[PDB]
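These protein sequence lines are chains A and A', in that order. A prime marks a further copy of an entry chain.
When you line the first sequence up against the authors' numbering, it's residues 1 to 305, in that order.
When you line the second sequence up against the authors' numbering, it's residues 1 to 305, in that order.
Below is one structure, written out as structure tokens, with a few remarks after it.
Protein chains: 2
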Amino acid sequence: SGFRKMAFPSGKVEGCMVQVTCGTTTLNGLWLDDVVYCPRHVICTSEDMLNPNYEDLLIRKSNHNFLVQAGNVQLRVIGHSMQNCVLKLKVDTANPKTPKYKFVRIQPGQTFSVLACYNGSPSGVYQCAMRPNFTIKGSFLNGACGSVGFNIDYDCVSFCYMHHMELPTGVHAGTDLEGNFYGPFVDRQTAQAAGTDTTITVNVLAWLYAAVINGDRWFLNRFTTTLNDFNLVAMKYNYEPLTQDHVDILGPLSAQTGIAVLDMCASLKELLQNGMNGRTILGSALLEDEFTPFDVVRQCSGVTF
Amino acid sequence: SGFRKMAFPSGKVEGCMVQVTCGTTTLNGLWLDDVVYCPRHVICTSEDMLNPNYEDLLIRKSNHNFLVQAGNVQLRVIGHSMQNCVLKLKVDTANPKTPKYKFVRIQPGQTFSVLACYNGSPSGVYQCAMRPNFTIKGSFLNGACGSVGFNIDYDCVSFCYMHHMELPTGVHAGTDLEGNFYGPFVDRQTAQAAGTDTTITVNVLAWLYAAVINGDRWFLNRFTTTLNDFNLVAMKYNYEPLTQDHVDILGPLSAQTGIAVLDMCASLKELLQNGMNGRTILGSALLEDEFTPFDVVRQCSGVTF
Ligand SMILES: *C(=N)[C@H](C[C@@H]1CCNC1=O)NC(=O)[C@@H]1[C@@H]2[C@H](CN1C(=O)[C@@H](NC(=O)C(F)(F)F)C(C)(C)C)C2(C)C
Ligand SMILES: *C(=N)[C@H](C[C@@H]1CCNC1=O)NC(=O)[C@@H]1[C@@H]2[C@H](CN1C(=O)[C@@H](NC(=O)C(F)(F)F)C(C)(C)C)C2(C)C
């Protein structure tokens, strides 16, 4: 029993973290095979960040202007290339700790673990969801850029996020490992706003199934609803519309508990309209939306890596 | 910015997990140097767990009755010993991945990371507090026993917990690495209850300082209080009494924010007496008590390992 926000074990990713310095700017890099990936703004001075021309700035940089350190050991840089918002530094040594890996661009609503680093050294690990507005609710300070987000499927690490910036609301933005931002964000120090932050309905439903499996079931009411009637309610509370694809992904949890997805929708509708009346669900006084159906199954079944 | 429940990077601990089987019972073991530590109930059948005489049961076991596996490789068991509620298996190979480590018995209110394992393989990592009633609010299924709790201080791993059981309220109980239970618990399948679950006042205060540092400061009121007047309020809400030692540990956060601890106590008093009126603090609709002052400083300063 019990249900906690759980991150993947970080060991495979810890062995890939390096420190990248260009001039006076230092941040984290990810060393896989003979390439180090890092945010391209490592080449900026604080002034350049206000309105950078990355192509012009990078032209003043040679391989010897990038200092890459793994622990106390220096890596020799033998090439450099800019791919979208990431810089790729070719080094003369393949990382001996390179895990089996792939680069994935995740969909909004999916979750991943973040290994927060400073100066190439891991500080901690936490779980994040890619929100529908393509921001994450992270915890990052100066020097955190280059910290990565990932998922594990037994022995394969799927890297999906690299940290680049913080928006005025305190939420975070970054790119996939090809350097393409999630969302409309640009790597420039100018006012940018994320857009309306909607709730991931299929994740709230998965978390209510997690609650039932854990014996927390006071909220189960005597009503049912339809997809269109539920969505009329959900859109009023800034919830994402629920589709048959979402009902299908909830299939294993609905089958395990015997509770039809539309019956759970009707319980969610009552919780939205009436609130929780001072009660809690899985130790929370709010409806939690950062657990995917996969996270609930995995945790309630003990999937290992 | 941002404040999340953050676990330590788990790599150093992942390299210590092994699988221990005795008869038909399998659980996790911790391999450090040439010793594997695991819960002594690995020697029980399901029936034995109802009222076990561990001394008599262990006498029917020889070294060859313990199967220890690290990945696909078998470790040779050359000795065994029971120390309190843990079994210590001497193996013929020192773990080549043994980190710098120590065994610590933590105090109630302190936090640690849990690397949840099944069959000697890591499943995930989460942060826990040792509650004042000596239980933890974890997430564990059958086969999780032997999963450990730890903290890291740069390169040294301090192991503080080994998982043994779940209580009727859904909370968890276990021992330090010397096999002594935290709390009054015994490793027997009989009705046991944890006792009143009080709130860790110094941790709630540290989390309110984390909120202020993050710009969430709607709750700061115009009052102050005394330690005795605050404690009269706190004891009514099942909060632990606050002492000058706690005020001293809060010193760095009070100095950073300029907010005196007794002023923060008066804001906490109003939150207890009035509730949050539907508002949130750091994304929570409840007062969070599983962040120590050290966790807040470390996260707000970027301490690395
Ligand atoms: C990389 N190490 C930091 C991480 C930031 C620092 C504070 N918390 C974080 O997540 N990245 C930056 O400092 C990036 C970097 C320039 C400016 N910047 C920002 O995150 C700024 N944000 C914005 O300008 C905004 F609002 F548009 F998103 C900052 C004001 C410092 C938070 C570049 C090149 C984007
Ligand atoms: C070890 N792998 C499991 C972990 C348990 C299983 C469910 N969630 C967990 O944390 N440990 C046990 O099964 C231990 C073990 C016998 C019984 N047991 C329990 O946790 C039981 N609890 C109690 O009897 C109680 F309430 F007193 F704490 C159980 C009913 C299975 C939850 C021994 C030797 C204590």
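Every residue, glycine too, gets a C-beta built ideally from N, C-alpha and C.
Inter-residue CB distance, residue i and residue j (contact presumed, cutoff 8 Å)
i: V157/A; j: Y237/A; result: So it is not a contact: roughly 36 Å between Cβ atoms.
i: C22/A'; j: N95/A'; result: Contact doesn't hold; Cβ gap of about 20 Å is too wide.
i: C160/A; j: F112/A; result: 5 Å
i: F291/A'; j: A210/A'; result: 7 Å
i: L253/A; j: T225/A; result: Their Cβ separation, rounded to whole angstroms, is 18 Å, which puts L253/A and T225/A out of contact at 8 Å.
i: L167/A'; j: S10/A'; result: Not quite, the Cβ-Cβ distance comes to about 26 Å (not below 8 Å), so this is no contact.
i: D295/A'; j: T199/A'; result: Contact doesn't hold; Cβ gap of about 16 Å is too wide.
i: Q19/A; j: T26/A; result: 6 Å
i: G109/A; j: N203/A; result: 6 Å
i: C128/A; j: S147/A; result: Going by Cβ atoms, the distance from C128/A to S147/A rounds to 11 Å, so no, they are not a contact pair.
i: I259/A'; j: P293/A'; result: The pair is not a contact, with the Cβ atoms about 14 Å apart (cut-off 8 Å).
i: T304/A'; j: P122/A; result: 7 Å
i: residue 338/A; j: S139/A'; result: Coverage of chain A is limited to positions 1 through 305, which leaves residue 338/A absent and any answer about it impossible.
i: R40/A; j: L87/A; result: 5 Å
i: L271/A'; j: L287/A'; result: 6 Å
Counted within 10 angstroms of its Cβ, other Cβ atoms place residue i as buried (16 or more) or exposed
i: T169/A'; result: exposed
i: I59/A'; result: exposed
i: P132/A; result: buried
i: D187/A; result: buried
i: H163/A'; result: buried
i: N228/A'; result: exposed
i: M6/A'; result: buried
i: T201/A; result: buried
i: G179/A; result: buried
i: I281/A'; result: buried
i: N53/A; result: exposed
i: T190/A; result: exposed
i: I78/A'; result: exposed
i: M235/A'; result: exposed
i: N151/A; result: buried
i: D153/A; result: exposed
i: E55/A'; result: exposed
i: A144/A'; result: buried
i: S62/A; result: exposed
i: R76/A'; result: exposed
Chain A contact for residue i (CB, 9 Å cutoff)
i: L141/A'; result: yes
i: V202/A'; result: no
i: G2/A'; result: yes
i: residue 308/A'; result: Nothing can be reported for residue 308/A': it is not among the residues displayed for chain A', which extend from 1 to 305.
i: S267/A'; result: no
i: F305/A'; result: yes
Cutoff 9 Å: residue i Cβ touching any chain A' Cβ
i: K88/A; result: no
i: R298/A; result: yes
i: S158/A; result: no
i: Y54/A; result: no
i: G258/A; result: no
i: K137/A; result: yes
i: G146/A; result: no
i: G71/A; result: no
i: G302/A; result: yes
Within 8 Å of chain A by C-beta, residues of the stretch 94–123 of chain A' in sequence order: Hits within the stretch, in order: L115, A116, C117, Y118, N119, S121, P122 and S123.
Residues in the stretch 4–22 of chain A having any Cβ partner in chain A' nearer than 9 Å: Residues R4, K5, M6, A7, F8, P9, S10, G11, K12, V13, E14 and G15.
Contiguous beta strand (DSSP E) assignments of at least 3 residues, all confined to the stretch 14–60 of chain A: Counting whole runs of 3 or more residues, the stretch 14–60 of chain A contains the beta strand (DSSP E) stretches 17–22, 25–32 and 35–39.
Cβ-based contacts, 8 Å cut-off: residues of the stretch 162–180 of chain A near chain A': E166, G170, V171 and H172
Unbroken stretches of the alpha helix (DSSP H), 4 residues or longer, contained in the stretch 126–199 of chain A': You should have found no qualifying run.
Interfacial residues, the stretch 269–293 of chain A to chain A', with Cβ spacing under 9 Å: Of all residues in the stretch 269–293 of chain A, only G275, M276, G278, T280, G283, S284, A285 and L286 place a beta-carbon less than 9 Å from a beta-carbon of chain A'.
Entirely enclosed beta strand (DSSP E) segments - the stretch 59–85 of chain A, minimum 3 residues: If we require 3 residues or more, the beta strand (DSSP E) runs fully inside the stretch 59–85 of chain A come out as 66–70, 73–75 and 77–83.
4-residue-minimum alpha helix (DSSP H) runs that sit fully inside the stretch 222–297 of chain A, ordered along the chain: 227–236, 244–249, 251–257 and 261–274
Cβ-based contacts, 8 Å cut-off: residues of the stretch 210–227 of chain A' near chain A: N214 and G215
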